[PDB]
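**Student:** Protein chains in written order, with the deposited numbering: chain B, 10 to 58; chain A, 9 to 57; chain D, 9 to 56; chain C, 9 to 58. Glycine residues also receive a C-beta, built at the ideal position from the N, C-alpha and C atoms.
1. In the DSSP assignment, the alpha helix (DSSP H) including residue 38 of chain D goes from what residue to what residue?
2. Is there at least one Cβ from chain A nearer than 9 Å to residue 72 of chain B's Cβ?
3. Below 8 Å on the Cβ atoms is my guess for residue 26 of chain C versus residue 26 of chain D; work out the distance and round it to an integer in Å.
4. Exposed or buried, residue 19 of chain D, counting other C-beta atoms within 10 Å across all chains shown (16 or more means buried)?
5. Can you check whether the C-beta of residue 44 of chain A is within less than 9 Å of a C-beta belonging to chain B?
6. Check each candidate in B:52, B:46 and B:22 and name the one with the smallest Cα separation from residue 12 of chain C.
7. Closer than 9 Å, CB to CB, is residue 30 of chain B near chain A or not?
8. So what's residue 56 of chain C in DSSP terms, helix, strand or just coil?
9. Between residue 47 of chain C and chain D, is there a C-beta pair that is closer than 9 Å?
10. With distances taken Cα to Cα, identify the nearest neighbour of residue 14 of chain B among D:10, D:53, D:36 and D:24.
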């Protein structure tokens, strides 16, 4: 079957990769931000004793 | 002009780089989620001291 | 850097160009063989 | 399902084929035209002499 079909499949895969990378980075920056907030609040609470 | 194999190779390297970057970001995210879970569990312990 | 879609389109373009070029060369070769056959048959009927 | 490298390799193979086929076809077309024109010139010069 014609090369264009397979070619388009590769293009669609690149679209998925680009969006998936965006989503994973977004989630990584967020989970780290939130985690650091709790680490700091915890040290502060500890030193209030 | 530029031989077609230059373009073909660049595309190949894009596909590979994105697949690898996606695996990388996913393992980094597994680790971040574990770290966050550990920190929150310690915070709970501290707030019930 | 260059967005992946630039390279991807360049390749799709090359694939298309080559497919088109092969169709063109083939149709031209059909005509050229017909003319050659005609010419040689004519030449045989002059060398008589 | 099937890893993209498989399909990507098939495409590279198709381009290899395309390049070689184009070379071959151009070789053949150039030659056919060359020989044909040889015979046309020959036939011209001969027929004016009859």
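**Tutor:** Judging by the given coordinates:
1. 12 to 52
2. The structure shown has nothing for residue 72 of chain B, since chain B only spans 10 to 58.
3. 4 Å
4. buried
5. yes
6. B:22
7. yes
8. helix
9. Interface residue, yes.
10. D:24
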